[PDB]
Amino acid sequence: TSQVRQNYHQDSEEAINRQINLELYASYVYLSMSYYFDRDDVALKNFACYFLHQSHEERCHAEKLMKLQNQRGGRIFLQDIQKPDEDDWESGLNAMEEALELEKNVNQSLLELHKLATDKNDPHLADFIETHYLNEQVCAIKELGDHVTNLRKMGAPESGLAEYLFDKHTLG
Amino acid sequence: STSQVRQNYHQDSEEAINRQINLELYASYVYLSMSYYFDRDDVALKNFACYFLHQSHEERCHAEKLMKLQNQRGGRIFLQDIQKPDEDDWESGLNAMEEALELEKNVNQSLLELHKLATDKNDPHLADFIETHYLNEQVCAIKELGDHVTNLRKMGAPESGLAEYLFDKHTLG
Amino acid sequence: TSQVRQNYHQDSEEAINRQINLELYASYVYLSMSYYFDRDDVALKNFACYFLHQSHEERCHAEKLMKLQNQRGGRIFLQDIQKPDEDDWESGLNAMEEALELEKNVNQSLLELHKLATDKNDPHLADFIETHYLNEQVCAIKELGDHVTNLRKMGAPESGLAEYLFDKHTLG
Amino acid sequence: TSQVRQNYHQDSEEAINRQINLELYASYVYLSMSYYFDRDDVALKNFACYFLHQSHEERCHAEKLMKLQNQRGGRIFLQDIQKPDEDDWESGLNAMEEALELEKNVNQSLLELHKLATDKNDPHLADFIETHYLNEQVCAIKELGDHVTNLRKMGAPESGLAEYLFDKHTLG
Amino acid sequence: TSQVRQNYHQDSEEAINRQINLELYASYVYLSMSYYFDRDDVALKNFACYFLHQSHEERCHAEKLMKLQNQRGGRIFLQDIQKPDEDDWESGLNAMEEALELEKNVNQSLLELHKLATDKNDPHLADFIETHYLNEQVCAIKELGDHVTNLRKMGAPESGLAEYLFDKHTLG
Amino acid sequence: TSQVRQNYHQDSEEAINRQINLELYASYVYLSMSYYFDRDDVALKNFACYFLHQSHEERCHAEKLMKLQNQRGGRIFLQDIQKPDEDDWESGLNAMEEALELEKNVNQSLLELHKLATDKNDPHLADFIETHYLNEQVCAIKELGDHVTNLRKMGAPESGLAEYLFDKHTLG
Ligand SMILES: [Fe+3]
Ligand SMILES: [Fe+3]
Ligand SMILES: [Fe+3]
Ligand SMILES: [Fe+3]
Ligand SMILES: [Fe+3]
Ligand SMILES: [Fe+3]
Ligand SMILES: [Mg+2]
Ligand SMILES: [Mg+2]
Ligand SMILES: [Mg+2]
Ligand SMILES: [Mg+2]
Ligand SMILES: [Mg+2]
Ligand SMILES: [Mg+2]
Ligand SMILES: [Mg+2]
Ligand SMILES: [Mg+2]
Ligand SMILES: [Mg+2]
């Protein structure tokens with residue numbers, strides 16, 4: 001047992017290792033979307049920049065959980081980072097819809113982690129999840145919803161003009 | 001199916017670039033694992049942790065630049081799973097530096113094979129890209145890791161915990 | 001023989017004279033495109049500025065090759081600069097497609113020059129072409145591909161609105 | 001007919017296309033002369049810089065006529081740019097004498113262009129040629145005459161000392 | 001075998017040790033030339049300064065090859081540095097002609113070293129020689145041929161006035 | 001006989017040429033030591049930096065003597081620079097002991113040169129050696145003795161820890 005470990009359930013330690021993997025997985029999905037928009041036959045530079053920024057933020061989300069595992073005296077066990085479900089993300093609107101679904105899936109995992117921390121009477125871990133993850137998730141999900149709504153109302157994805165102008169005026 | 005930009009870019013080179021993107025992401029993940037080993041309360045060498053986190057971010061840059069190259073030449077990125085590292089516990093500062101040295105020589109071997117493929121397919125843009133952005137970076141990385149291994153061994157690591165502590169402070173700090 | 005000449009094949013010297021001509025030709029094509037977009041019945045000022053910049057860069061490409069010829073002790077022999085294939089470039093989209101074909105033709109010529117340098121064991125000339133020309137050509141072709149993709153997706157050339165907005169938001 | 005065209009004779013439009021060709025020809029002659037002086041067996045760097053500057057100014061002279069053609073509603077028709085009459089310009093003095101001759105030939109063309117504008121009652125074109133071209137030519141011809149006079153008095157082209165000192169003290 | 005050594009042929013290691021000696025020999029030749037021009041019976045201070053600068057640059061060329069040898073895991077074996085072929089360099093023109101011959105001999109040795117790197121499939125060593133040495137050699141050879149041409153055209157070495165004015169106006 | 005020469009014995013001239021050689025020799029020993037410490041299997045960067053700075057200072061000692069030879073109207077005759085006695089300097093302590101022996105040998109040569117200047121009644125040369133060389137040698141020998149003492153007392157060369165900490169805290 002770590003000399004630092006106090007009130008830190010084995011189930012919590014294991015759940016943090018699963019969440020670390022899911023944040024790295026989210027980083028990889030965003031990295032894939034980024035370079036889709038960099039293709040010469042897609043060529044939406046601000047979509048590319050937006051998703052690359054998201055990719056770097058997900059890596060920070062993972063690193064902060066690795067720091068938490070060590071702060072609580074848990075042991076990090078990394079797993080393979082699975083490749084994203086798509087190679088071709090089809091359109092700006094479809095990438096934003098896939099990102100929205102990804103962020104709600106990550107949020108569901110964080111809410112299960114919070115329930116576990118509550119069930120094991122771990123108020124430090126509950127507070128860490130509320131403070132650093134749950135509001136960030138609600139803000140990310142609201143921003144992706146707003147982007148989806150605008151792209152739909154503009155006529156995406158059938159209007160290439162719509163995706164071009166969204167790229168310039170919202171993401172640029 | 002052929003990109004409007006594609007010129008003198010062999011399908012074998014496009015595939016070799018997808019394999020190299022995977023290996024650079026792999027190397028990033030190895031260095032991330034090493035970084036958080038040294039952050040453990042029972043290891044607690046912060047400058048080793050910082051050194052390997054910096055290496056992790058640089059390997060991510062190496063991957064992103066190859067993804068940019070793929071699209072520049074009109075090839076198509078196909079990502080694969082990023083395999084977890086061979087170890088969870090890296091044992092010591094010396095053992096982590098020896099594992100990083102082996103990793104960097106394995107990455108360099110892959111880059112030399114990619115350069116040979118660019119040469120055999122008469123792709124001088126790709127040959128130049130690999131020489132300019134990867135091959136001297138690898139030779140510099142391998143020489144630094146060799147220098148670090150030598151100093152740790154000469155100081156008495158890994159048995160001398162005093163050695164790794166003082167190396168952490170005076171070389172990596 | 002020049003007092004500076006060393007390891008510089010006659011074939012290489014001749015191929016550098018043909019490349020000087022091709023860079024001046026490319027400069028002239030872009031000058032013609034530039035002033036097409038300046039016509040009162042075309043009036044896309046950022047297309048004009050974009051192609052005039054490209055024309056000035058091709059002149060620089062020519063001058064640097066003339067400098068190389070003298071550095072290696074070859075002798076510059078200039079040839080007529082042929083006028084471009086069109087007087088009327090039709091549309092923003094058509095000029096960009098014509099520029100993309102021109103840059104791929106210039107790249108083919110540079111790759112033949114690199115092969116000749118390699119075949120004559122001229123590592124100085126190989127390196128010169130790689131360092132100053134081959135990566136510039138890859139960047140130029142990618143940028144022109146991106147521009148063609150955006151114009152097509154926006155509905156060019158039939159949409160005069162598409163060419164107007166592209167002129168403003170991408171080239172402006 | 002262009003919606004902008006007013007008081008612009010077809011002959012004047014055709015004369016401006018001929019003058020664009022002649023300005024681009026002059027630019028090419030000066031570029032040739034520049035890289036002659038850069039040869040390892042000539043090696044007068046301030047002659048080289050002087051002539052390259054003159055090359056770049058002639059390109060500006062051509063672009064300004066292209067702008068004028070579009071301003072008046074005429075249509076630009078480019079022609080091949082003929083290579084210069086020499087590959088080897090022989091000496092600093094001979095280059096300066098050939099430049100003087102070239103500038104007097106361009107001046108003669110500009111004076112015929114002015115007579116045409118006067119004969120067609122085109123005072124805008126007459127003014128444009130007087131304002132932008134005729135005093136520049138008189139200044140250029142006077143400077144080239146001054147340079148020829150000094151190189152001759154100094155002992156050029158037989159004195160290699162003369163050309164070296166002129167390069168340093170007048171052109172440097 | 002060094003723990004760093006990878007794809008580095010013994011022949012390449014030995015060729016690098018030979019090139020280190022040749023760069024140190026070139027440094028020594030230029031040091032000799034420098035102090036010939038500092039003699040009270042020669043007294044061309046800018047020739048002295050020019051050659052001493054060339055001497056310090058050759059020392060940098062040697063040091064960078066010593067670094068390369070250790071970077072690749074090869075072992076530096078230093079050899080005697082042979083004194084230059086002359087004690088008395090006769091004139092400014094003669095020193096410049098000897099320097100041009102020296103820089104072409106060093107270039108031939110670097111081209112041989114590049115061929116060896118190519119034959120041993122050592123692209124890192126090939127790129128190192130092209131990046132740091134081959135273009136520097138072409139620039140040095142072009143500069144020395146320019147200097148020889150000017151001194152000859154001015155009347156050197158028989159004109160002590162020529163060498164005096166070249167020392168002031170080109171090297172000062 | 002040089003027009004500047006006064007009270008400058010042939011024996012003094014010859015001794016100055018021998019001292020120039022010895023200073024160049026010392027520069028080469030320190031260069032060799034420098035790149036020994038840069039080897040991947042030695043890797044003491046501050047030892048490397050220390051010895052390279054010494055190498056550059058010995059070069060300055062040789063150049064100032066060449067200047068003196070010319071100031072006095074003597075004639076420089078350069079000799080081969082012999083390679084150092086070792087390729088492998090074994091340890092930081094062994095390198096410092098070898099440097100101490102070298103500096104005492106150079107000092108002995110300078111003391112014999114001073115005796116020559118005294119025996120030939122050359123007060124200018126006597127003062128030159130005292131002012132520029134003898135106090136510098138005393139300072140270099142004391143510094144090297146202090147470094148040898150500290151390395152021995154720390155437990156070098158058997159303690160790799162000693163040489164590491166000396167590199168950081170004394171040379172760094
Ligand atoms: Fe996240
Ligand atoms: Fe990498
Ligand atoms: Fe070009
Ligand atoms: Fe003009
Ligand atoms: Fe050199
Ligand atoms: Fe000394
Ligand atoms: Mg985010
Ligand atoms: Mg797996
Ligand atoms: Mg690295
Ligand atoms: Mg361009
Ligand atoms: Mg013709
Ligand atoms: Mg002018
Ligand atoms: Mg190559
Ligand atoms: Mg010293
Ligand atoms: Mg000898």
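These values consider heavy atoms only, across backbone and side chains, with no hydrogens, waters or symmetry-generated copies. Note on naming: letters A, B, ... go to the chains in the order of the sequence lines (proteins, then strands), and numbering restarts at 1 for each one.
At least one donor-acceptor pair under 3.5 Å links the side chain of F:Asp80 to the backbone N or O of E:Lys83.
Chain F forms the most heavy-atom pairs under 4.5 Å with one residue out of E:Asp38, E:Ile76, E:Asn21, and that residue is E:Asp38. Between chain E and the options F:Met66, F:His56, F:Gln82, the largest number of non-hydrogen pairs under 4.5 Å is found for F:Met66.
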(request) Could you walk me through whether F:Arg59 and E:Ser55 pass the side chain to side chain contact (heavy atoms under 4.5 Å, CB included) test, one step at a time? (result) CA-CA 11 Å; F:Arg59 171 57 168 248; E:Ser55 181; 2.6 Å; yes

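For a heavy-atom cut-off of 4.5 Å, chain E lies close to no residue in residues 6-19 of chain F.
Residue contact with chain E, scored on non-hydrogen atoms closer than 4.5 Å, involves the backbone and the side chain of F:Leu31 alike.
Annotation: the span from E:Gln69 atom CD to F:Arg39 atom CZ amounts to 10.5 Å, rounded to 0.5 Å. F:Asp88 contributes atom CG, which lies 8.5 Å from atom CZ of E:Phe77 (distance to the nearest 0.5 angstrom).
Contact check on F:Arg75 versus E:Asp40 returns a salt bridge, with a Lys/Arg side-chain nitrogen under 4.0 Å from an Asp/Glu carboxylate oxygen.
Looking only at atom types and distance, the side chain of E:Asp41 has no donor-acceptor partner in the side chain of F:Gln3 under 3.5 Å away.
Other residues, nucleotides and ligands contribute only 12 or fewer heavy atoms inside 6.0 Å of the NZ atom of E:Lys67.
Considering only heavy atoms from C-beta on, F:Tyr35 comes within 4.5 Å of E:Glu63 through its side chain.
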